């Protein structure tokens, strides 16, 4: 499957793509404002994610640091990134269907649209100014708006027992971005698309 990753933000972002134990495609790249990066993701990929990283510095070897979404200091990510990260999440060719969503469970850093480029389902977006409106206790100094599980590390925010409810913090994310997951047991906002669809992820869609 083909994913086009487009940076519409006015600032540089370093896109990342991983399934947690491996890179997807090259795993990461710098995208200046307006640049597009096309990746191929193997059919059957379960648990893939794409995100943006902000304020990164990399040396000639591809080693460095980012202020949001750093994936163990690598340009080319093999693992998932440090919160806060708005996430585009997907599982492809699962019994004939693809499943896509956006998640704020690991916080928010960059606004995002995640849409198919082929026929037969709708896209999802979270484009509100979550960083601007972020509760004081969730604000990340490096930039971004952390989720409450990252900040407070309780069973309730992290839904460790498999039983948890919405919280004042989850409801914040949910109010600004209804179509994204706000906590682990949120009512699913997953979209079912035809198997083998193609997609575009747009940073700063509006």
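Residue numbers (the deposited numbering): 1 to 206. Ideal Cβ placement from N, Cα and C applies to all residues, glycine included.
Cβ separation of residue i and residue j, assumed to be a contact under 8 Å, to the nearest whole Å
| i | j | result |
| --- | --- | --- |
| residue 109 | residue 52 | 6 Å |
| residue 113 | residue 123 | 6 Å |
| residue 184 | residue 164 | 7 Å |
| residue 176 | residue 133 | 7 Å |
Cβ-Cβ distance between residue i and residue j below 8 Å
| i | j | result |
| --- | --- | --- |
| residue 38 | residue 12 | no |
| residue 144 | residue 68 | yes |
| residue 16 | residue 81 | yes |
| residue 161 | residue 107 | no |
| residue 20 | residue 79 | yes |
| residue 93 | residue 166 | no |
Of the listed residues the options, nearest to residue i (C-alpha basis)
| i | options | result |
| --- | --- | --- |
| residue 182 | 117, 168, 62 and 25 | 168 |
| residue 18 | 46, 57 and 77 | 77 |
| residue 25 | 48, 176, 9 and 35 | 48 |
| residue 130 | 152, 180 and 158 | 180 |
| residue 9 | 41, 54, 50 and 40 | 54 |
| residue 35 | 152, 6, 41 and 178 | 6 |
Alpha-carbon to alpha-carbon, residue j and residue i
| i | j | result |
| --- | --- | --- |
| residue 14 | residue 103 | 19 Å |
| residue 142 | residue 84 | 9 Å |
| residue 156 | residue 60 | 43 Å |
| residue 193 | residue 45 | 14 Å |
| residue 116 | residue 96 | 16 Å |
| residue 33 | residue 99 | 28 Å |
| residue 148 | residue 170 | 8 Å |
| residue 197 | residue 4 | 12 Å |
| residue 86 | residue 195 | 24 Å |
| residue 105 | residue 31 | 24 Å |
| residue 72 | residue 206 | 30 Å |
| residue 139 | residue 173 | 13 Å |
| residue 186 | residue 126 | 16 Å |
| residue 91 | residue 190 | 10 Å |
| residue 154 | residue 88 | 25 Å |
| residue 199 | residue 178 | 21 Å |
| residue 207 | residue 188 | Residue 207 lies beyond the stretch modelled for the chain, which goes from 1 to 206, so this question has no answer here. |
| residue 159 | residue 40 | 33 Å |
| residue 50 | residue 128 | 19 Å |
| residue 274 | residue 101 | No answer is possible for residue 274: the residues shown for the chain start at 1 and end at 206. |
Assigned exposure category for residue i - 16 Cβ within 10 Å defines buried
| i | result |
| --- | --- |
| residue 57 | exposed |
| residue 136 | exposed |
| residue 70 | buried |
| residue 146 | buried |
| residue 111 | buried |
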